[PDB]
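As structure tokens, one chain now follows by itself in the form deposited in one PDB entry.
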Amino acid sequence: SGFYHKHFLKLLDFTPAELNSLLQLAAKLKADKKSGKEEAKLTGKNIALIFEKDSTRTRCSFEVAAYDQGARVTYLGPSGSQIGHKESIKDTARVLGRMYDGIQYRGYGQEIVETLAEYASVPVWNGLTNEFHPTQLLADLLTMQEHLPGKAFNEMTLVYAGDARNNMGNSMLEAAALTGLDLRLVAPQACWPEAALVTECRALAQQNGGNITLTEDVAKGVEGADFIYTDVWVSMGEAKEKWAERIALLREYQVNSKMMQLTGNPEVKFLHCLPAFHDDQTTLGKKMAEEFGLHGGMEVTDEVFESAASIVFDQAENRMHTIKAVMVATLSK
């Protein structure tokens, strides 16, 4: 179909060729900004940014991408608007679609963003839901490509360790499906994503020359990895009781120097969508470090996080370039 006037709710709504085009557009916009040759395509466009959860990267990416492109934005945060508590999403979508050219939504159930897209009458982009986080994967893939230039995604081995059933796990399944990556989801069975989704995506991944492996075996799982990726063990919005349960299950899947060693690959790089709990320099991070005896980092150690192998800030930067591409592609021709 293409991107013009299309929503961006999850990756599987696009073809491998579409995903690839988006990535090339992101790379091009990245270079034009860096060279002072950026051509504003969204001048005069007004964009609404709905956030029902906290955000630094996604919030800032949409803001900077919009401003660079000549657009203006309205940030509607977790509090201060009628959204959710006093007004239905169907109503919110119908009001915003009459005033804005595009709408970003970060929140809970994927069904909320789906309903918004159905009733907005303008492009709606998923800035993170409980089930999927498509723009993140766009940033991740562009980063991997830049770090293994002249290496097709189907020549790459990517390991995602930890909670494989959160939005990132699901998104990992989608990206392999459209790229042919050799995806390894290294986690305990209790944190494995939906079998039906794994089946669908593995078939598609193989079709593109890759595979999808779900294993509890760290050694076998990370062998030959080009990239090890992780994320917090309890996501935004989950009840705090999930920490005890999750840490008991996932502490052995922490990304630390031993795991980096187990890949047998001196060039392996480390990725993390962020925010990360890698030291005691955050309120909640210090809380959990003491409550669960995790000193030196949780899902990843500060050692790996700050090591030469870590490319999380290149990854974070790309969040803005890929989000700019999504808005340019869906709002201009």
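C-alpha atoms forming the largest set that superposes within 1.5 Å between two forms make up the rigid core. Numbering starts at 1 and follows the sequence shown.
Below: the form deposited in another entry, not depicted.
**Student:** At a threshold of 2 angstroms on the CA positions, core aligned, which residue out of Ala289, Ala276, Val268, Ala48 shifts between the shown form and the other one?
**Tutor:** None of the others reach 2 Å, which leaves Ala289.
**Student:** Quick one: core overlaid, is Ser88 moving 2 Å or more at the Cα between the shown form and the other one?
**Tutor:** Where the cores coincide, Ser88 still shows a C-alpha shift between the shown form and the other one that is 2 Å or more.
**Student:** Pin down for me whether the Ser81-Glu63 Cα distance shrinks or grows in the other form relative to this form (closer or farther, change of 3 Å or more).
**Tutor:** Farther is correct, given that in the other form the C-alpha spacing of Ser81 to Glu63 is increased by at least 3 Å.
**Student:** Look at the CA atoms of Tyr100 and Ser81: state whether they lie closer or farther apart in the other form than in this form, given a difference of 3 Å or more.
**Tutor:** Farther: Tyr100 and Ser81 separate by 3 Å or more in the other form.
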